[PDB]
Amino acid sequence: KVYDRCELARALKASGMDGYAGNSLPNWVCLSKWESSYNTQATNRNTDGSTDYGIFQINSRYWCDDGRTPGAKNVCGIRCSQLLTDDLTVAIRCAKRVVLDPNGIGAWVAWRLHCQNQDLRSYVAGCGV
């Protein structure tokens, strides 16, 4: 599913992402936009043999099992395929686990690049949330 920006903002807000581990909602909309263009089916293979999955582009070396990643740890305890559904429940639960690690939201390259220190007002403008 390719989410609409406000549609995605509402689903994140409904799921407790606004302020999760001190990360306001606009943070999460901004990184979803840059990481996958709001597409739950987005996949990106890395040089190291790992692959990034879904809306949040979660990596198969540490968080999920895709069965072809060398030295994989599967910390979210899921199949990477579960990160590609239109339904965001499992993706959200795993993104919540990812942000508890020491690096917080800096775990996401797109957040570090396009969102950190930025004015993120525009990502939720007009969503009425």
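We number the residues from 1 along the sequence you see.
- Just going by the entry, 43-51 versus 60-68 on mean CA temperature factor gives the higher value to 43-51.
- Relative to one another, 70-78 and 33-41 have unequal mean CA B-factors, and 70-78 is the one with the higher figure.
- Per the PDB record, residue ranking by Cα B-factor puts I92 in the middle third of the chain.
- Per-chain ranking of the deposited C-alpha B factor places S24 in the middle third.
- Among the modelled residues of the chain, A14 sits in the middle third by CA temperature factor in this PDB entry.
- In the deposited entry, the Cα temperature factor of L120 places it in the highest third of its chain's modelled residues.
- In the deposited entry, the Cα temperature factor of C6 sits in the bottom third of values across the chain's modelled residues.
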